[PDB]
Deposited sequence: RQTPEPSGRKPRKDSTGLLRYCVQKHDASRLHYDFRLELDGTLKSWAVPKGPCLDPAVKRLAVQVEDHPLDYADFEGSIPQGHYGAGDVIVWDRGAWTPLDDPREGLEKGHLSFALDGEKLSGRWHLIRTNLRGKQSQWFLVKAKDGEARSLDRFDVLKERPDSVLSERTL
């Protein structure tokens, strides 16, 4: 019921935008190296600006001098296993994803370091959907848009 989406943003530096609907907006993290199904791998996820729910369906171009083009790399629904509001606040989200590419449980983990609160890490939870990185790299295996 709660919408999630991952956008592949080919800007100056390639990266993935990981979005989770909550309270009528999309909580968004910029994940430079993209999500990983390997529970042993920790991917940087820099918290960024909230985006409107309809942006989840956006494919196109962020104008030059402002930044490349964007596709919806994955989409579906997400479910928090623990209170999401208190989760973002305390700096830890335990949640499940139900989409095209990413599925199973995940963790968003924020650093405790003062002056670095935008620094999180996206880690795959050990479950049936977990896949070793050297056997299955979801970025390589499923590289294209789910809308076009």
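Novice: Numbered from 1 along the deposited sequence, what ranges are absent from the coordinates?
Specialist: Coordinates drop out over 1-17, 84-85, 168-171.
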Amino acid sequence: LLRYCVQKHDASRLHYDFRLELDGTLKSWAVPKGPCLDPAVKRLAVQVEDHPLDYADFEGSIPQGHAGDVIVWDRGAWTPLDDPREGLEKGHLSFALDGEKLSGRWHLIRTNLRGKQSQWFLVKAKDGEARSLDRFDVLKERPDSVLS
From here on, numbers count along this sequence of modelled residues.
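Novice: Can you tell me whether 30-38 has a higher mean C-alpha B factor than 57-65 in this record, or the other way round?
Specialist: According to the entry, 57-65 carries the higher average C-alpha B-factor.
Novice: Pick between 45-53 and 78-86: the one whose mean CA B-factor in the entry is higher.
Specialist: Taking the mean C-alpha B-factor of 45-53 and of 78-86, the larger value falls to 78-86.
Novice: Going by the recorded CA B-factors, say which third of the chain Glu21 sits in, lowest, middle or highest.
Specialist: Answer is middle: the recorded C-alpha B-factor places it there.
Novice: Please say which third, lowest, middle or highest, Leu139 falls into when its CA temperature factor is compared across its chain.
Specialist: It falls in the bottom third of the chain.
Novice: Relative to the other modelled residues of the same chain, rank the CA B-factor of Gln117 and answer lowest, middle or highest third.
Specialist: Highest third of the chain for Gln117's C-alpha B-factor.
Novice: If you rank the chain by CA B-factor, which third does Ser103 end up in: lowest, middle or highest?
Specialist: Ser103: CA B-factor falls in the highest third of its chain.
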